[PDB]
């Protein structure tokens, strides 16, 4: 009835794992992409404060998803800012960009060593949960399966929540490269 039906949900897990170890690989790489092409280090001075063009289009709900994320792999964008509506509210576009950029920068969002640490750690936790899955289906249990299941679900959230932080992070590299050429407006 559910004797072989368990070995089912179980394999479904083993897949989920190898499949999650996959997004993470992307995220890790993608993130590195940005941490290696930011330029944002040239927009935190007094000489740039103004000369601010625009590009943080309508999709500025991306900022909501990003801060909503219950979890993440690298430090939650949630705790990087001072409030989830602090921007969705008062903060005016371009006036929020500088805000969002100041925080990301002052909170090491672009420190890749520490990003890699977090990223690697989760990659290991996944590999481990894989080996575990094997071990389980070789001495099944209902508790073991339940735990491993919740365990996997946690990394689900992390990896997904990570995506939000990256989209936001990429939306900023966009509104950043822009604001940069805008600086070179005179020269």
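Numbering follows the first chain given and starts at 1.
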| property | result |
| --- | --- |
| Mean C-alpha B-factor comparison - 161-169 and 175-183, higher one | 175-183 |
| Stretch with the greater mean C-alpha B-factor as recorded in the entry, comparing 132-140 against 60-68 | 60-68 |
| Residue selected from 118, 40, 34, 51 by maximal Cα B factor | 51 |
| Chain-relative CA temperature factor third for residue 111 | lowest |
| Ranked C-alpha temperature factor of residue 94 among modelled chain residues, by third | highest |
| Lowest, middle or highest third - CA B-factor, residue 88 | highest |
| Residue 55 - which third its CA temperature factor falls in, relative to the rest of the chain | highest |
| Among modelled residues of the same chain, the CA temperature factor third for residue 77 | middle |
